[PDB]
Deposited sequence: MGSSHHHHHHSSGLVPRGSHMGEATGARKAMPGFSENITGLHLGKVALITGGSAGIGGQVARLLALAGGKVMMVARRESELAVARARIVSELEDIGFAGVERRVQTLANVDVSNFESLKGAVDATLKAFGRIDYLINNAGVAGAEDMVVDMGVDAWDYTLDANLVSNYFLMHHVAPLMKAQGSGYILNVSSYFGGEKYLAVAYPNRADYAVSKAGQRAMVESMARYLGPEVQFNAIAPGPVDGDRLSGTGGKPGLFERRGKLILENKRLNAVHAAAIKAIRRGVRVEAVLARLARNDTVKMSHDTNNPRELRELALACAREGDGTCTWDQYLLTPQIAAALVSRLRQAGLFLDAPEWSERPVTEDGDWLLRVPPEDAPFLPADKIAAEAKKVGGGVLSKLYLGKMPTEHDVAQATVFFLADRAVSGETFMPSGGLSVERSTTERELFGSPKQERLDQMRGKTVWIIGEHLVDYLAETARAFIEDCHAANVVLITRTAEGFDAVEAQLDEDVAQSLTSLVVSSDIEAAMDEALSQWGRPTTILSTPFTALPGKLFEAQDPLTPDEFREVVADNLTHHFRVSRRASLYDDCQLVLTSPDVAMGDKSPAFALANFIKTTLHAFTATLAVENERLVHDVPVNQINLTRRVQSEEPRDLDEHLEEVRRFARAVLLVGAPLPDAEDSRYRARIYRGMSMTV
């Protein structure tokens, strides 16, 4: 095979990010063997030098001449650092005089945290490294490809980013799932604008047999890594649920934490003073041990204890607690009276190996081809696909025939709920977050106040003027139930403030503060990488920031809104709205599953203000008014307290994406 493809890519120049190991390293090798010139870029010089030396050796044995000039490297290229990516494009043009193929391969694992535990800096790092970097490179390279008459951009996505019309939940990995869904959504929505010169496709492999999944240099594999994270999250969620259940029946949060602080399962289990939830928790913990590990003797590590206290604080459960209201956030890891010893593992290696084979068996049983493809197999497929000239706007699936069955698919709404369900909103508080969508925000505020009899709608805006524009659309009697909160720092602080001032909401509607831009690849005025980064911030990160608070509120429903497009617009705004709809659905689907494992059990659903087909968009004022009214009906459908009456019914109100 590897000596007999010299004709496939002869003279083609490829820039490969993360080109030193894994799939990227195999693609670099096979492109070279197929006669291509490669610029391999990555952070570490040592892996890059060894990988390049091995490829150049093989090129010699095949009988290439001038081997040293066919394969080049640039180290210290971090896909989260845009300046270093511009350096990679400049080095490729200096070595080779052109770029034919851009392979967006580099990907980080990301935060590996439930959304309620994930940091904004960790989320931003994952989205910058995995998604915004790809747009950065396309921005710089696509014009060179269009000027020479040809090029190919390939995004390396994942099966866990979903497929066209079918989102997938990836619990504990929402930042990663969104970033991978984003890579594919870019291909689906932007390939139109890269044509006719540039092909733009994605690959979506699932788990891949090589050193990183296997485990290399003392380090455990990805199935084992996921298994360990599942057990950590199970213990956090179980201690968290006990504390919340105790607080819900009126145990003081200081009394729960004072008793958790003693961090002794034996004592807590047999102590009469401890609330029943904590007694039961400690009994259950005490039965889970193996004889070496410590988790049967201690409830918490400092790390899990820090995550527990942050969840309680974020839910507003410290607002009336003397000590805890003022304690510095920097001491969240320091409140346990005793801690597991450094000498022994917290988690039992048998329960880790069992969770790891449940994860593995789960994927392995869904492969049509019976075995996980190797890195070589995925690289081979990639190099074959790069030779085709008739495909654009598609995601190839070199996954082993991986088929995870799910019913999480964008639906067009035409249906309603019972006035009895709506009458449960009477006297309740709801939050609407928004700015530019005045007609939609006003009709929703009207529906909640006038049709559902909510006592208070807190309209959280970027500016006072945004409030005034919505208030001016309501009758004076309806506006009497509209409260203004203008963001002064960040949305989480505005949500913390709304909660402390006016109480716990029953419904939170999240809408973007800013309209989409009307540009993408136009030579005159293109969307710059910074502007695209801001689109991601305003339409994806914004929802994550609202979601990470909302998911901690008892008896609350969360509704996420994807972007509108102005009537009669013919710009790439429509393509950007469909990019957001797809990418946000990965978030909605994943968060809906994570929230069902949390004691707060918050339903999450998505409403879309842009249709799939641009000619079906509203085209006159009657159709606009129909859509505004349908939007408010969809918010009430997924935002009013949910009616299990049925296994089918229960699935249909978590993680849905509904278009109006």
Could you name the stretches of the deposited sequence that have no C-alpha atoms in this structure?
-> 1-33, 677-678
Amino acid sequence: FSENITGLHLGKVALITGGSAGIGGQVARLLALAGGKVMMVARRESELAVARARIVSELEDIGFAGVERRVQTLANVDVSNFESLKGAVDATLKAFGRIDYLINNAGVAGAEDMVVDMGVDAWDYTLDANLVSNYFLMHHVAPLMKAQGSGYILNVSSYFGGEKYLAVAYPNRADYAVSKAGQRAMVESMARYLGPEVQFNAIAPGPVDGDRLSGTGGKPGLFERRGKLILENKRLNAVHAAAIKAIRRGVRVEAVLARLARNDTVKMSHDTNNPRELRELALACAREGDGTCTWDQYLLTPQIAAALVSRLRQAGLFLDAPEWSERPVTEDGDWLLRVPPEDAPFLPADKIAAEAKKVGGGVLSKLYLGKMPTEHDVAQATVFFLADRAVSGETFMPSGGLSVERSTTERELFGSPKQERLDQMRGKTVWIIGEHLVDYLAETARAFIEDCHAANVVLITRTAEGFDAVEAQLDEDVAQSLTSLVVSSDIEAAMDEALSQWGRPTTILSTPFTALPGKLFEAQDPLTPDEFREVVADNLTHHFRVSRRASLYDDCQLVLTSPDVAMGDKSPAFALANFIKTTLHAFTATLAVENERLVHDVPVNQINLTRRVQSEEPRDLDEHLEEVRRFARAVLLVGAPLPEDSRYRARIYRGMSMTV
From here on, numbers count along this sequence of modelled residues.
Entry-level comparison of average CA B-factors, 154-162 and 457-465, reporting the higher stretch | 457-465
Higher of the two mean Cα B-factors (61-69, 595-603; per PDB record) comes from 61-69
Between 78, 492, 375, 271, which one tops the list for C-alpha B-factor in the PDB entry?
-> 271
Which of these has the highest Cα B-factor in the record: 359, 178, 141, 122?
-> 359
Compared with the other modelled residues in the chain, in which third is the CA B-factor of residue 22?
-> middle
Relative to the other modelled residues in the chain, which third contains the C-alpha temperature factor of residue 97: lowest, middle or highest?
-> middle
Residue 542 - which third its CA temperature factor falls in, relative to the rest of the chain | lowest
Which third of the chain holds residue 574 when residues are ordered by C-alpha B factor: lowest, middle or highest?
-> lowest
Grab the CA temperature factor for residue 585 from the record and place it in the lowest, middle or highest third of its chain.
-> lowest
